[PDB]
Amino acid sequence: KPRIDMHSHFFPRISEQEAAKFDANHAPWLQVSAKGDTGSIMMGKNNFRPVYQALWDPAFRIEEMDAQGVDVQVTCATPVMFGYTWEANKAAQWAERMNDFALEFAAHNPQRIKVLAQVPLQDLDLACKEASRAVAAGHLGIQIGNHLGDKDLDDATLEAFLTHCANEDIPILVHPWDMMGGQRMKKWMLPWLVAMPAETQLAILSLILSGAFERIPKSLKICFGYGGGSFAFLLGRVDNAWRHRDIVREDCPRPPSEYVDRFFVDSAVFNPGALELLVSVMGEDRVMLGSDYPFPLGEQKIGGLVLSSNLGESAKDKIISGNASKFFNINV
């Protein structure tokens, strides 16, 4: 059985002065130490995140997959590369540059490294073009942020994008980014612990309660990061509301929990009971191993949590291999 990890990120070699050529405050670039082993994602002139080789260097990444026992890894852009706020033609350009970088990275060993495209989502026309092009060019689908400022997934532009992908049999992974919280969550990585899972839950819900899933064709393949946030756990609150308020029910014809057959989630929930509640709510067919490699708060032993749970033989196979094979049409 081949182990598949479908949530991992990369960042290419981009010089400071080139990030500038797009935007001197918000275009990210990669400062690497001369040692070669480490560096940081930068932002204008500011440190954004400490990183290490496996992020940019595909050769190095292979050992680490050998070491982890990971055969096939589907990887994508680091969310900070998204460029969703920017002027649209630069973002469309930026995306095309990055999705090419990504193809290269994978070319090192295209059998074992698969990529996902980023798109200039603030512009529906350019975004569908990049989606279609980049999948022509090798990508197995797209990764988008869960929202566009105060447009959430129920917005018509975002729905139309999912609908473009649906119609072209292009899979989508949705990653939270640009977290709500303004000024309250500056210490202890709260943005990662509180805002992020709520962000993701809210992507799922914006689609459910807006009646979006009645409009998007049933053939869409859409997956949600980090177990779909707290979605599964708060699903009962959601149904309850739905049953007792017209305003909650107005746009959503079926109970919200009936819609769990319309998307997938990854496995990264960091706890045996959570994963089980998750697989319980979602079904063993809709969960995929993702690790969030190679970041500090990803699963440092990939598959560990699944490999050693109270779970089905076939279910574990589905989660570590089966599900993702189909979702991404990876020839097992």
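All residue numbers are counted from 1 along the displayed sequence.
Asks: If you average the CA temperature factors as listed in the entry, which stretch comes out higher, 306-314 or 5-13?
Replies: Higher mean C-alpha B-factor: 306-314.
Asks: Mean CA temperature factor from the deposited coordinates, higher in 242-250 or in 197-205?
Replies: Looking at the recorded C-alpha B-factors, 242-250 comes out higher on average.
Asks: Quick one: which of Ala268, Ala34, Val279, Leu297 shows the highest Cα temperature factor in the PDB entry?
Replies: Most elevated C-alpha B-factor of the set, per the entry: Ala34.
Asks: Split the chain's modelled residues into thirds by Cα B-factor; is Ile62 in the lowest, middle or highest one?
Replies: Highest third, going by the recorded CA B-factors of the chain.
Asks: Split the chain's modelled residues into thirds by Cα B-factor; is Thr75 in the lowest, middle or highest one?
Replies: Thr75: CA B-factor falls in the lowest third of its chain.
Asks: Test of reading the entry: by CA B factor among the chain's modelled residues, which third contains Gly290?
Replies: Lowest third - that is where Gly290 ends up once the chain's C-alpha B-factors are sorted.
Asks: State the tercile, meaning the lowest, middle or highest third, of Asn109 with respect to the CA B-factors recorded for its chain.
Replies: It belongs to the highest third of the chain when residues are ordered by C-alpha B-factor.
Asks: Looking at the entry's B-factor column for C-alpha atoms only, identify whether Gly273 ranks in the lowest, middle or highest third of its chain.
Replies: Lowest third, going by the recorded CA B-factors of the chain.
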